[PDB]
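The numbering of the sequence shown is our numbering, which starts it at 568 and goes up by one. First comes the structure, then the notes that go with it.
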Amino acid sequence: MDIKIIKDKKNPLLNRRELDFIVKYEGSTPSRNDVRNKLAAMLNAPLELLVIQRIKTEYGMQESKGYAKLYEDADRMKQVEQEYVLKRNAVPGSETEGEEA
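The following block contains the structure:
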């Protein structure tokens, strides 16, 4: 298929990279893996570090778009994805301190 690098956003905070592009083809739709390998090859970056948010195929437009996430390290990708693993949904404890003697 054909890929077009729309824009490349940087994020040193999360340690990732928001890259946008458009996938074009003439027949059977491409596989996220195919696109990934393509991008990884395009950005000469690692696949493991390269991730795809979600591809969206148009209607009889022979074109699919999908945002990818390029990371500098996997260690980060883990911790980053480990941030949404610590969420609450209930009142916390309380508070109290003091002694004597």
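Cβ atoms here follow ideal geometry from the backbone N, Cα and C, with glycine treated the same way.
Q: Mark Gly633 as exposed unless 16 or more other C-beta atoms lie within 10 angstroms of its C-beta, in which case mark it buried.
A: Burial is judged here by how many other beta carbons sit within 10 angstroms of a residue's own beta carbon; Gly633 has at least 16 and is buried.
Q. What are the boundary residues of the alpha helix (DSSP H) that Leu606 is part of?
A. 599-609
Q) Is the beta carbon of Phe588 less than 7 Å from the beta carbon of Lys571? A) yes
Q: Identify which residue in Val647, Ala668, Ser661, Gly660 has its Cα closest to the Cα of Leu581.
A: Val647
Q: Determine the contact status of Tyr651 and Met644, defining contact as a CB-CB distance below 7 Å.
A: no
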